[PDB]
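> pasting the structure only:
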């Protein structure tokens, strides 16, 4: 699966 | 309504996350971040979902 994006 | 289709399963990492399986249709409720949106599933459950794991429906 794709990279899980960081949270901000 | 704004709906997206799950491209991959997402197990959820944080307690605020909405776990889902590839193929699920989710409704977008809010976009507090660019890559993390609040959505609702077919059962009415709400949580955050990673944008890269979904496609517009």
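Perfect, I can see it now. Numbers count the residues shown, from 1 in each chain, chains lettered A, B, ... in the order given.

> ok, and the closest non-adjacent residue to residue B:21?
Using Cβ to Cβ, 6 or more residues apart in numbering or on different chains and skipping residues adjacent in sequence, the residue nearest residue B:21 is residue B:9, 4.8 Å away. Yep, even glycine has a C-beta here, placed from its N, CA and C like the rest.

> revised request: answer the last question for residue B:24.
In space, and not counting its chain neighbours, residue B:24 is closest to residue B:6: 4.4 Å by Cβ to Cβ, 6+ apart.

> where along chain B do the strands fall?
With DSSP state E, the ranges of strands along chain B come out as B:3-6, B:25-30, B:36-40, B:46-50, B:54-56.

> nearest residue to residue 5 in space, please, no chain neighbours.
As the question left the chain open, I've gone with chain A. Distance criterion Cβ to Cβ, 6+ apart; nearest residue to residue A:5, sequence neighbours excluded, is residue B:35 at 3.8 Å.

> wait, I meant chain B there
residue B:57 (4.7 Å).

> neighbours around the one you found, how many?
Applying other Cβ atoms under 10 Å in any protein chain shown, we find 13 residues neighbouring residue B:57.

> ok, now residue B:10?
Other residues close to residue B:10 by other Cβ under 10 Å number 23.

> still on that earlier bit, list the contacts for the residue nearest to residue B:5?
Residue B:57 sits next to B:3-5, B:25 when contact means Cβ atoms under 8 Å, 6 or more residues apart in numbering or on different chains.
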